[PDB]
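Trainee: Let me begin by handing over the structure; questions about it come next.
Cβ atoms come from the backbone with ideal geometry, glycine included; neighbour counts cover every protein chain shown. Here, each number is a calculation from the coordinates, and none is a lab measurement.
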Amino acid sequence: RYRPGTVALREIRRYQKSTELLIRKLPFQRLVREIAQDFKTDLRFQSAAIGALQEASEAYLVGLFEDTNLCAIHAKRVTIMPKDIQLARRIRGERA
Amino acid sequence: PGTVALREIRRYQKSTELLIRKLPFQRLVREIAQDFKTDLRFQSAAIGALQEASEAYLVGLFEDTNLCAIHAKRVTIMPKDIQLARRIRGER
Amino acid sequence: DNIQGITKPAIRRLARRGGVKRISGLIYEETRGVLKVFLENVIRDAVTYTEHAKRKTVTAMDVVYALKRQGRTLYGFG
Amino acid sequence: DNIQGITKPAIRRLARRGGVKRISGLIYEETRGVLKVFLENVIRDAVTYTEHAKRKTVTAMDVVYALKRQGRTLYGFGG
Amino acid sequence: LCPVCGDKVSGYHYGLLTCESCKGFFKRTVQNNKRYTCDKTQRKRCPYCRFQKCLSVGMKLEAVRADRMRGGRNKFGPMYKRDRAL
Amino acid sequence: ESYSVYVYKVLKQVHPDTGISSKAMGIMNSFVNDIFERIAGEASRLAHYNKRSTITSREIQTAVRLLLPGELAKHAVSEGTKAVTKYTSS
Amino acid sequence: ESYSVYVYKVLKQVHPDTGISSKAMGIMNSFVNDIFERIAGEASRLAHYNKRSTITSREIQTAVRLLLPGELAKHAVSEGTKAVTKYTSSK
Amino acid sequence: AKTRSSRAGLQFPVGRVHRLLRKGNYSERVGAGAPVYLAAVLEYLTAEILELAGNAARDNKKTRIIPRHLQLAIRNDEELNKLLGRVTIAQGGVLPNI
Amino acid sequence: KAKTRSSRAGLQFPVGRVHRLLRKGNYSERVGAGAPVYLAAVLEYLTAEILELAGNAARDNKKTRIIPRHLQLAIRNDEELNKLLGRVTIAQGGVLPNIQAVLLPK
DNA sequence: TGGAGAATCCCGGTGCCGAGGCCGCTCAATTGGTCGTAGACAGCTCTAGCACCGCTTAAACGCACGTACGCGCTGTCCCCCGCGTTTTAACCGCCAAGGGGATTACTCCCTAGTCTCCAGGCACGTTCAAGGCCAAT
DNA sequence: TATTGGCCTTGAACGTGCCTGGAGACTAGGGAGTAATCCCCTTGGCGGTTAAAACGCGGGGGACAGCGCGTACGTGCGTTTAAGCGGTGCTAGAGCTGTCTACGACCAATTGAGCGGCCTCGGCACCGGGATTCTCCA
Ligand SMILES: [Zn+2]
């Protein structure tokens, strides 16, 4: 058995060496279509549009997680909590 | 040791006037500008605008620093809070 | 609904790429909310761009222009 | 050495306007450095604008354009 | 003459013709929010009589500025000018 | 060339018994110029995207929808449409 | 229209034995278009500020100085001035 | 009605906006309805900001709008705060919070 | 007899194409004879620098073709290029390997 | 420090799909002459930026002091991590039917361009009522 | 003596002159608006793996609270320091006008550089496979 935290570091090293998308494609397409439903009914999407949206979303989430990690480390912790996300989004200027 | 600080905060948040002496700021502005070009000349309005922009920027930075300090279970701001605020802000 | 398609392991992977070591139990709902807000904004701009052009199909150019409008310029899709 | 003209009471006033209750003793040097970095980046673009049009006097609109270039739009100084 | 006391008027002060004395008295009273306890010769006898007569003749209170902004003209400017046309 | 006359008329329409200072007037002028520049640039980009050589009311409406937030965008679109309809009626 | 031919020529100039992929060319085309738009917009703004109806090498030089970092701006200004002088020398 | 603003029922100059659109290098041609729409939008935004500033100045017993009132009006409104979030106002101060 | 403007200027990027883009882009009423030369030279210089850094990054990983990850590595490892391309995301680029020191085992 | 034992790297084989090198033609880059004005250049008027100087007084600086706050330590209990079974729906391949994007003749209304008339908008100089300051009281 | 008065400073509202830019009218040419056609291209089914999501559950390390202690930061007062407000003197350089030429727009032939389509073969990804090195504990 590996002590808690070794597999986390292994995953961190592994997922920072790759460039593939980390979200399953079909649920993301369904979510995108459901969100777009409220703007105009019976919309069609090119595959490139959904791919670009997915790429942008993953990049944004990775950056937000980096900021959240910095905020959590500031408060003498190792575990990220929602309050760190709120602080990062507040300082960034996203949340009012 | 908390009453005078609160009174100062109230008065300076209601105050809306400038908070830096003008002659030292003018001297600093001219000293910085002398590096890029020689025998430069300035208008009064340019120096006023520079001062006001600097003051607004510093006030905003201090607000963010206070937020970062409060996040860490403290009431005293430290250089680490300023550095974290500028890092997340994206300034380099 | 479809938001549950963004599962716990997916958010875990996204956090792992971000360097996060330990994750709490209430992180995933916050991540879902912020992702919904971001997608809503981008899709709104893209749909407006599509509507102005007298079209019923969303192209990659609309997404790229919408991302550029938010200061999130994206390369590789035209 | 004119940076010391930004005295400690002035920095304290600026912090009080920001809602700060307690201030450490190492804040002042950091604030001075930050102010110098900001002013350098504004003044460089202001002088660059001034060199265009063959002028020897820096105008307010030069600093206004320099600020607007950095996403720090300022109202009340023309333009 | 100034209707509040009976001296020579100096001009348009908080509604109509008054003198410098009554203008000053009104501005001090309004700015200081002064409260006391109760003819030109008797104009200094009691603040109450002069004050109540000033409010009675119709000269107005809101003409005084709470923030004491300087210069310009107040809302009664068009009215003052129309009355001054005569 | 400034917007002082028009801003003053708007203020007289809104608050008939409230004045304005010189510095506030300068701030209002800067605000109007900034908003004009933003909307015009967005309209120009929209016209360039669709390979069009003209800027019409459609591009202005789309730019207003893209820039202003929800209720502001709704009311601005309503006011602009009313103005264009009245002008076209003549 | 694209910049693939010119990008490939520049790549062969700097790295003789080195290829590229299609996605990398797409990214480079986006990069070139972005930089072109930035410089052109800055030059147009500079021309409009000074009340002039022409964009010359001077506006390009000032825009490059405004938009690029120090060493990059210096080298770009040197290269552009050299190119303009070489172009003017011939006729 | 001779002025285009009279036809459009506006208090902003349609002709000046048209001239600025033409001599600004936005497009080769400008439609006849674009200046009207733009002037109406600008007038509405100015009226909104002025109304909020006047209300802020009338809360306190004041009778003249200074930049502090404009800053208070913009900061306390959710829509205008988002619209003008990256704008510095001369002699506006900060919101009396914290 | 006809000579290309790029050959006169000694460039690889096109001068006529840049001139046409400047004319059609609604930037100025007139365009000077030397502006496209300067713009093309600057663009060529920037492209050459990025290509050099990306090629070195690709050679580091024992590859002979440049892929988006090499471009991202070259851009993010250079301070001036990173400052220039600060708000730009590269498709299929990834992130730089970076772990905070505290998170490491004691 | 030594021992299992998972995670990881250094090695060929292989074959497949995309990078990269031709052809033909069309369409955009080049040449050359003519012409109208944008901008270089020189000269003159007058704002305004920069120097000193004296006096008054509010900010800046120094110093003694004591209490509130930061930071280290200890204990305990919640709750996330690592791993081994079940359950599920994401991928992949194929296919077929429209739906909508892209291209092309074509025609007609919309907007640029020029010339003339004259009032809206900017620059001033001048109120002028209201807040401010002073001595005699 | 803390209250009367008299003179002085003040910042948006008003008049006046004049000029440059908006309004009206007319015409020519091209940009935008509709149809008709073509064919990619997007949506929708069906069935067989099988990798990924879901689930159970024991425990170990980390979040969190309590307490003690030392010094750094706040507060007050006497004493320097120099910022702030005038007045005066003296140009450097901004700001506008005039002349006239050098440069860039525009048009018509003319030619060659650069997109599209089509083989093809070499870099790169995938599998064993033993070799070697990270973890963990006892
Ligand atoms: Zn009287």
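Trainee: Just to be sure I understand the filter: pairs with C-beta atoms under 6 Å, separated by 6 or more residues or on different chains, first member in the stretch C:58-73 and at the interface with chain A (Cβ under 7 Å from one of its Cβ atoms) and of a type in the set (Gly, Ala, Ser), second member assigned to a helix (DSSP H, G or I) and surrounded by fewer than 23 Cβ atoms within 10 Å (Cβ to Cβ). Which pairs pass?
Mentor: Every condition considered, the pairs that remain are C:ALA60/A:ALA48.
Trainee: Go through the stretch A:3-21 residue by residue and tally those that are near DNA strand J (Cβ under 6 Å from one of its atoms) and either under 22 Å from A:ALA56 (Cα atoms) or not in a helix (DSSP H, G or I) (or both).
Mentor: 3
Trainee: OK, next. What about G:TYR87, is it within 25 Å of I:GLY25 (Cβ to Cβ), out of contact with any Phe, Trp or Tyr (no Cβ under 9 Å at 6 or more places or on another chain) and either at the interface with chain I (Cβ under 7 Å from one of its Cβ atoms) or buried (at least 19 other Cβ atoms within 10 Å of the Cβ) (or both)? It would help to see each step written out before you state the result.
Mentor: Values: within 25 Å of I:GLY25 (Cβ to Cβ): yes; out of contact with any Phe, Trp or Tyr (no Cβ under 9 Å at 6 or more places or on another chain): yes; either at the interface with chain I (Cβ under 7 Å from one of its Cβ atoms) or buried (at least 19 other Cβ atoms within 10 Å of the Cβ) (or both): yes.
Yes; evaluated as a whole, the condition is true for this residue.
Trainee: So, D:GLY25, is that one surrounded by fewer than 19 Cβ atoms within 10 Å (Cβ to Cβ) and more than 14 Å from chain H (Cβ to nearest Cβ) or not?
Mentor: yes
Trainee: Can I ask one more? For the stretch F:65-76, name all the residues that are out of contact with any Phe, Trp or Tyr (no Cβ under 9 Å at 6 or more places or on another chain) and either assigned to a helix (DSSP H, G or I) or within 16 Å of H:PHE12 (Cα to Cα) (or both).
Mentor: F:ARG65, F:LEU67, F:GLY70, F:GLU71, F:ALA73, F:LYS74
Trainee: Determine whether D:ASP45 is more than 7 Å from every other protein chain (Cβ to nearest Cβ) and of a type in the set (D, E, K, R).
Mentor: no
Trainee: Working only within the stretch F:33-47, note down all residues that are buried (at least 19 other Cβ atoms within 10 Å of the Cβ) and under 13 Å from the mean Cα position of the chain (by Cα).
Mentor: F:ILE35, F:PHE36, F:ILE39, F:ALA40, F:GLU42, F:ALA43
Trainee: Name every residue in the stretch F:1-42 that is of a type in the set (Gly, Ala, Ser) and either farther than 22 Å from H:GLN11 by Cβ or facing another protein chain (nearest Cβ under 7 Å) (or both), in order of residue number.
Mentor: Correct list: F:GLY19, F:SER21, F:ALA24, F:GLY26, F:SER30, F:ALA40, F:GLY41.
Trainee: Kindly list, by first and then second residue, each pair from a residue in the stretch E:25-49 that is within 11 Å of DNA strand J (Cβ to nearest atom) to a residue that is aromatic (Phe, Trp, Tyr) and part of a loop (DSSP other than H, G, I, E, B), limited to pairs with Cβ atoms under 7 Å and residues at least 6 apart or on different chains.
Mentor: These pairs meet every condition: E:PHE26/E:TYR14.
Trainee: Looking at the stretch C:11-33, which of its residues are more than 21 Å from C:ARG72 (Cβ to Cβ) and assigned to a helix (DSSP H, G or I)?
Mentor: Within the stretch C:11-33, C:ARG12, C:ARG13, C:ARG16, C:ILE27, C:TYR28, C:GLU29 meet the criteria.
Trainee: So in the stretch E:53-70, with the set limited to residues that are in a loop (DSSP other than H, G, I, E, B) and within 15 Å of the ligand (Cβ to nearest atom), which one is surrounded by the fewest Cβ atoms within 10 Å (Cβ to Cβ)?
Mentor: Within the stretch E:53-70, the first condition is being in a loop (DSSP other than H, G, I, E, B), and the residues that meet it are E:57-70.
Right, trim to within 15 Å of the ligand (Cβ to nearest atom) and you get E:57-59.
On the way: E:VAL57: 15, E:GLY58: 9, E:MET59: 20.
Per the stated criteria, the residue is E:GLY58.
Trainee: Which condition breaks for D:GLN4 when tested against (1) within 10 Å of DNA strand J (Cβ to nearest atom); (2) assigned to a loop (DSSP other than H, G, I, E, B); (3) at negative phi?
Mentor: Going through the list (1) within 10 Å of DNA strand J (Cβ to nearest atom); (2) assigned to a loop (DSSP other than H, G, I, E, B); (3) at negative phi, D:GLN4 breaks only (2).
Trainee: Related question: Could you figure out which of (1) surrounded by 15 or more Cβ atoms within 10 Å (Cβ to Cβ); (2) part of a loop (DSSP other than H, G, I, E, B) isn't true of C:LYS54?
Mentor: Exception for C:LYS54: condition (1).
Trainee: Given the conditions (1) within 10 Å of DNA strand J (Cβ to nearest atom); (2) more than 14 Å from chain H (Cβ to nearest Cβ), and given that E:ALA63 satisfies all but one, which numbered condition is not satisfied?
Mentor: Going through (1) within 10 Å of DNA strand J (Cβ to nearest atom); (2) more than 14 Å from chain H (Cβ to nearest Cβ) one by one, E:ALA63 breaks only (2).
Trainee: Report yes if some residue within the stretch F:35-48 is outside any helix (DSSP H, G or I) and on the phi < 0 side of the Ramachandran plot; otherwise report no. Break it down stepwise before answering.
Mentor: To start, the set of residues in the stretch F:35-48 that are outside any helix (DSSP H, G or I) comprises none.
Taking every residue of the stretch F:35-48 in turn, none turns out to be outside any helix (DSSP H, G or I) and on the phi < 0 side of the Ramachandran plot.
Trainee: A:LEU70 passes all but one of (1) touching a helix residue (DSSP H, G or I) at 6+ places or on another chain (Cβ under 6 Å); (2) of a type in the set (A, V, I, L, M, F, W, C); (3) part of a helix (DSSP H, G or I); which number fails?
Mentor: A:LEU70 satisfies all of (1) touching a helix residue (DSSP H, G or I) at 6+ places or on another chain (Cβ under 6 Å); (2) of a type in the set (A, V, I, L, M, F, W, C); (3) part of a helix (DSSP H, G or I) except (1).
Trainee: Report yes if some residue within the stretch D:1-22 is under 18 Å from B:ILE32 (Cα atoms) and in contact with a strand residue (DSSP E or B) (Cβ under 9 Å, 6 or more places away or on another chain); otherwise report no.
Mentor: no
Trainee: Listed residues E:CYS22, E:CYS49, E:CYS5; which is assigned to a helix (DSSP H, G or I), within 12 Å of the ligand (Cβ to nearest atom) and either of a type in the set (D, E, K, R) or away from chain H (no Cβ under 14 Å) (or both)? First the steps, then the outcome.
Mentor: Working: E:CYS49 fails: within 12 Å of the ligand (Cβ to nearest atom); E:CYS5 fails: assigned to a helix (DSSP H, G or I).
Sole residue among the options that is assigned to a helix (DSSP H, G or I), within 12 Å of the ligand (Cβ to nearest atom) and either of a type in the set (D, E, K, R) or away from chain H (no Cβ under 14 Å) (or both): E:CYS22.
Trainee: Within the stretch B:45-86, restricting attention to residues that are within 8 Å of chain D (Cβ to nearest Cβ) and among the acidic types (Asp, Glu), which residue is nearest to the ligand (Cβ to nearest atom)?
Mentor: B:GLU52
Trainee: Being farther than 26 Å from F:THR18 by Cα and within 11 Å of DNA strand J (Cβ to nearest atom) narrows it down to one residue among E:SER56, E:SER10; which is it?
Mentor: E:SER10
Trainee: Can you name the number of the only condition in (1) within 8 Å of chain A (Cβ to nearest Cβ); (2) in contact with a helix residue (DSSP H, G or I) (Cβ under 6 Å, 6 or more places away or on another chain); (3) not in a loop (DSSP other than H, G, I, E, B) that C:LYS36 fails?
Mentor: Single failed check for C:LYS36: (2).
Trainee: What's the number of the only condition in (1) within 24 Å of F:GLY41 (Cβ to Cβ); (2) in a helix (DSSP H, G or I); (3) more than 8 Å from chain I (Cβ to nearest Cβ) that G:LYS51 fails to meet?
Mentor: (2)
Trainee: Just to be sure, is A:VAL7 of a type in the set (A, V, I, L, M) and more than 7 Å from every other protein chain (Cβ to nearest Cβ)?
Mentor: yes
Trainee: Moving to a separate point now. List the residue pairs whose Cβ atoms are under 7 Å apart, where the first residue sits in the stretch A:18-36 and is facing chain C (nearest Cβ under 7 Å) and under 30 Å from I:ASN61 (Cβ atoms), the second is charged (D, E, K, R) and buried (at least 16 other Cβ atoms within 10 Å of the Cβ), and the two are 6 or more positions apart or on different chains.
Mentor: The qualifying pairs are A:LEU22/A:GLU58; A:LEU22/C:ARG13; A:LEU22/C:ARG17; A:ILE23/A:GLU58.
Trainee: Within the stretch E:71-83, can one find any residue that is under 19 Å from H:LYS61 (Cβ atoms), among the polar types (S, T, N, Q), outside any loop (DSSP other than H, G, I, E, B) and within 14 Å of chain H (Cβ to nearest Cβ)?
Mentor: no
Trainee: Still on this structure, please answer the following. Of everything in the stretch B:1-59, what is more than 30 Å from H:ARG75 (Cβ to Cβ), surrounded by 13 or more Cβ atoms within 10 Å (Cβ to Cβ) and among the β-branched types (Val, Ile, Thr)? Give them in sequence order.
Mentor: B:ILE32
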